[PDB]
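Below: one structure, written as structure tokens.
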Amino acid sequence: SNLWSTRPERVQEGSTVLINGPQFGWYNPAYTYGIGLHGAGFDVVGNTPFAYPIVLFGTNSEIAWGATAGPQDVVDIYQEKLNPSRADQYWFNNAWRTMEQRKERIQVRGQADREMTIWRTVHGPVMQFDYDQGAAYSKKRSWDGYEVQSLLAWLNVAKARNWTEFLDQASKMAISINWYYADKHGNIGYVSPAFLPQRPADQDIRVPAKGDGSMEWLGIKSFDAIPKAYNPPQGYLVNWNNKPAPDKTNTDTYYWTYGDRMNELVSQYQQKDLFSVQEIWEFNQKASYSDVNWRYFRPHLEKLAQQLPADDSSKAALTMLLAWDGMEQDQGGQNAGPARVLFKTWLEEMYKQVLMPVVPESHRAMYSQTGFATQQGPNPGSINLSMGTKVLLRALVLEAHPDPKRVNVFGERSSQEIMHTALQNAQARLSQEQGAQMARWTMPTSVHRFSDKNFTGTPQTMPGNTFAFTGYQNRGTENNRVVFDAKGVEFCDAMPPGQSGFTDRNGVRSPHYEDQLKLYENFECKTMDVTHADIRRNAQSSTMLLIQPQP
Amino acid sequence: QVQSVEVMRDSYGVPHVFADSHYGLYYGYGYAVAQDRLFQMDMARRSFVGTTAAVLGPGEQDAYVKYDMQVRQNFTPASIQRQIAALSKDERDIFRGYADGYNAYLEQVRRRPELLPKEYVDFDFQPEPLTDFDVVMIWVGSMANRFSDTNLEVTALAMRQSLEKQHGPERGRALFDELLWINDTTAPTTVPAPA
Ligand SMILES: [Ca+2]
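Residue numbers (UniProt numbering), protein chains in the order written: chain A, 266 to 816; chain B, 27 to 221.
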């Protein structure tokens with residue numbers, strides 16, 4: 266999920282522009298639903314994922330707001346020392362403790378009802394039982410018991426009119442998430458609200474904690490610990506699932522390095538001084554088709570061709586890979602150019618030479634993957650630097666800056682030696698695959714797909730009902746743009762394939778089923794009515810409902 | 027006690043709800059979602075409350091069941107029930123109005139069979155009335171669990187356990203700090219400007 270905010274001081278016409286692209290994966294019908302709520306204190310306009318009473322992405326004519334994936338740790342797993350005699354007892358403080366159990370009844374169509382038992386410890390519910398090791402893993406969450414509080418805090422942020430009313434609502438948030446601020450005055454802000462626990466020095470963040478009473482939470486950390494950035498001297502705030510702020514250690518699930526997908530958006534800001542609204546919108550144009558892991562390997566490939574002897578062994582594809590701008594180019598397709606194909610197979614051979622010897626058999630698939638977009642294979646809703654690539658990058662600096670305390674994964678062989686061997690192995694693999702002719706090498710272009718089944722593995726529609734177009738775009742599922750001109754409020758959103766997910770008994774579909782699909786492909790954007798004046802003028806249909814509740 | 031909820035749609039079929047009360051605002055909002063995406067939301071609640079196998083039955087290999095046990099394990103229904111009841115009158119009408127608004131159009135489906143979606147005919151089952159507990163669960167199952175419940179500790183422990191078997195506690199823990207580093211490189215990319 267990517268978001269980049271701009272301050273009027275960095276904009277030509279002097280308007281606050283907030284563009285958000287949250288990526289959850291592309292599904293049919295649309296993942297996000299557009300709504301404009303007016304009255305009872307609320308005066309908001311925009312769209313929200315699934316169907317939540319709250320609005321994640323939109324504006325209230327006073328301030329806009331975006332969102333991304335949570336980059337902070339809130340969930341810890343504790344390993345309880347199980348009794349060697351009894352399975353339901355665990356060692357907690359002094360002495361033994363019995364687990365709590367509750368029975369859930371699963372209803373199945375065509376078959377009898379299935380029954381299961383869920384065990385619970387002092388920390389939380391268990392996820393995995395290991396009987397031969399004598400340890401059970403329980404899941405303790407910091408946001409547990411504060412589900413509705415985080416739901417309502419996200420709701421009341423729509424009624425807010427300033428940064429101080431934006432910040433105190435974030436203090437009520439328990440779940441790990443990122444919030445973004447942009448007002449009509451010209452101010453932009455960022456906060457990462459979460460109920461952060463204060464862990465002891467004995468506890469390692471990457472591995473499970475001791476569930477015996479010796480290693481427990483000291484308490485919930487204060488709000489001052491939560492990272493917050495309001496109006497940076499640079500005049501822009503960029504976040505693409507990257508690190509929250511400097512001073513925060515890596516979580517158990519997310520690991521970051523100097524090579525990050527954030528640099529794909531930020532590098533566009535260090536070109537010109539002032540950008541127009543149309544130009545800032547065209548940041549998504551380049552970031553979608555640009556390669557993520559190209560900016561960091563290119564300097565490490567320049568010192569290759571030279572002073573490397575021009576004896577043509579190989580240097581055949583190495584000199585060409587340099588003429589690559591790091592972009593997907595369709596022609597058939599079929600990628601226009603053998604540069605991406607060679608670079609893909611080069612990285613795959615780099616994992617074989619360095620990582621596979623040290624990485625165990627079970628976790629070998631976590632580092633062998635290159636993390637590239639493909640035509641047929643089920644690719645994720647967001648393309649990233651793979652864990653195999655991240656280790657290669659930070660250890661490549663370790664040769665330039667030696668450290669005795671750390672161990673080098675390259676070991677005996679230098680950087681230039683391994684990168685040469687991988688280049689020879691990549692060329693040898695493609696020579697027997699697509700012929701000896703180098704110029705004719707090409708890989709099938711990645712197809713952008715809208716799957717009928719959602720993220721969790723449940724069909725949202727009938728099987729087969731899918732939309733697909735050639736050319737994978739590293740965008741969000743929904744792209745919103747809030748521009749605060751001198752007028753000055755303009756909301757513009759784009760969500761494929763459309764608003765209505767209705768299909769008639771005969772087979773015909775709603776007119777608002779495919780109306781936004783073609784608009785999304787061309788990086789275009791639709792205007793949405795914000796104020797009470799123009800909504801009654803640009804209305805297509807009106808329906809009045811009647812309610813009679815009992816207070 | 028009778029309130030009117032005026033729902034108005036634009037050129038791209040996007041609803042705009044006008045009301046005066048908390049119950050009324052989310053009644054029209056609940057009514058609009060039922061018109062556009064009825065089957066999508068019926069399958070949404072089941073994905074997070076754990077009732078997918080009730081209408082889809084067993085998967086090619088108990089895929090809808092094995093999963094149905096996984097989702098029920100993650101949350102506790104008793105803990106959420108207290109949290110909803112603890113809310114005030116105006117706060118509860120947000121979820122109740124959403125449930126009653128969705129059921130308003132749902133009750134109209136029984137009256138006129140032409141309003142029934144195609145997906146209900148193909149999968150061969152009848153739609154169910156939405157409750158206030160379901161509305162909360164749709165947010166808790168997708169938001170907070172799939173973004174604030176991401177855990178990868180047990181797999182990290184198994185890797186460190188395997189590395190200490192082949193290389194010992196000296197080299198195994200040294201190689202573990204290279205593959206899964208405790209702290210990121212001191213020069214990464216951060217949102218706030220450093221220094
Ligand atoms: Ca943790």
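For every residue, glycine included, the Cβ atom is placed at its ideal position computed from N, Cα and C.
Residue range of the alpha helix (DSSP H) that includes residue i
i	result
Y90(B)	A89 to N100
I800(A)	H797 to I800
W611(A)	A604 to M615
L530(A)	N528 to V531
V413(A)	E412 to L420
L183(B)	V180 to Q192
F74(B)	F65 to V75
Inter-residue CB distance, residue i and residue j (contact presumed, cutoff 8 Å)
i	j	result
residue 255(A)	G763(A)	Residue coverage of chain A in this structure runs from 266 to 816, which leaves residue 255(A) outside it and unanswerable.
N507(A)	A332(A)	In fact, because the Cβ distance is near 15 Å, the residues do not count as touching under 8 Å.
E345(A)	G476(A)	4 Å
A759(A)	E743(A)	7 Å
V340(A)	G323(A)	Contact doesn't hold; Cβ gap of about 29 Å is too wide.
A184(B)	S627(A)	6 Å
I300(A)	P41(B)	6 Å
Buried/exposed call for residue i, threshold 16 Cβ in 10 Å
i	result
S30(B)	exposed
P498(A)	exposed
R406(A)	buried
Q192(B)	exposed
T363(A)	exposed
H450(A)	exposed
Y402(A)	buried
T271(A)	buried
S280(A)	buried
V147(B)	exposed
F562(A)	buried
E430(A)	exposed
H797(A)	exposed
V773(A)	exposed
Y396(A)	exposed
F608(A)	buried
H666(A)	exposed
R122(B)	buried
Pair within 7 Å by beta-carbon distance, residue i and residue j
i	j	result
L657(A)	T635(A)	no
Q372(A)	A80(B)	yes
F460(A)	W505(A)	no
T723(A)	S73(B)	yes
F756(A)	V747(A)	yes
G39(B)	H777(A)	yes
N690(A)	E614(A)	yes
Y534(A)	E593(A)	no
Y131(B)	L156(B)	no
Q463(A)	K486(A)	yes
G766(A)	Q66(B)	yes
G524(A)	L650(A)	yes
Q813(A)	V97(B)	no
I440(A)	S415(A)	yes
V503(A)	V531(A)	yes
Continuous beta strand (DSSP E) stretch holding residue i: start and end
i	result
residue 863(A)	For chain A, the structure presents residues 266 to 816; residue 863(A) sits outside this window and is missing.
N443(A)	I442 to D448
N504(A)	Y501 to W505
residue 260(A)	The question about residue 260(A) has no answer here: the residues shown for chain A are numbered 266 through 816.
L268(A)	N267 to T271
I300(A)	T297 to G304
Listed by chain order, chain E residues near residue i by CB distance under 7 Å
i	result
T157(B)	No chain E is part of this structure, whose protein chains are labelled A and B.
Ligand 2 heavy atom lying under 6 Å from the CB of residue i
i	result
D175(B)	No copy of ligand 2 occurs in the structure displayed; its ligands are ligand 1 alone.
Near-chain B residues of the segment 359-385 of chain A (beta-carbon distance less than 9 Å), N- to C-terminal order: Per Cβ criterion, the list reads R367, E369, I371, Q372, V373, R374, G375, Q376, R379, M381, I383 and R385.
Would you list, in chain order, the members of the segment 168-185 of chain B that have their beta-carbon closer than 8 Å to a beta-carbon of chain A? Listed by position along the chain: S168, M169, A170, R172, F173, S174, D175, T176, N177, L178, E179, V180, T181, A182, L183, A184 and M185.
Name, going along the chain, the residues of the segment 610-641 of chain A whose beta-carbon falls closer than 9 Å to a beta-carbon of chain B. Going along the segment 610-641 of chain A in chain order, one finds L620, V623, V624, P625, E626, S627, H628, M631 and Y632 with a Cβ nearer than 9 Å to chain B.
Below 9 Å between beta carbons is the criterion; list the residues of the segment 49-70 of chain B that meet it against any residue of chain A, in chain order. Result list: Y49, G50, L51, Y52, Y53, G54, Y55, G56, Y57, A58, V59, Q61, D62, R63, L64, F65, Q66, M67, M69 and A70.
For the segment 452-477 of chain A, which residues have a CB atom closer than 9 Å to at least one CB atom of chain B, in sequence order? Here the close residues are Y455, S457, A459, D469, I470, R471, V472, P473 and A474.
If the cut-off is 7 Å on Cβ atoms, which residues from the segment 143-156 of chain B count as contacting chain A, listed in chain order? So the close ones are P143, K144, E145, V147 and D148.
What residues from the segment 393-409 of chain A come within 8 Å of chain B, judged by C-beta to C-beta, listed N to C? Within the segment 393-409 of chain A, those residues whose Cβ lies closer than 8 Å to any Cβ of chain B are, in chain order, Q393, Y402, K404, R406, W408 and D409.
Interface residues of the segment 741-770 of chain A facing chain B [CB-CB below 7 Å]: Within the segment 741-770 of chain A, the residues whose Cβ lies closer than 7 Å to some Cβ of chain B are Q764, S765, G766, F767, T768, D769 and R770, listed in chain order.
The segment 278-307 of chain A: positions lying closer than 7 Å to chain B by Cβ: So the list reads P294, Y298, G299, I300, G301, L302, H303, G304, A305 and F307, given in the order they occur along the chain.
For the segment 705-737 of chain A, which residues have a beta carbon sitting closer than 9 Å to at least one beta carbon of chain B? Within the segment 705-737 of chain A, the residues whose Cβ lies closer than 9 Å to some Cβ of chain B are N719, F720, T721, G722, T723, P724, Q725, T726, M727, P728 and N730, listed in chain order.
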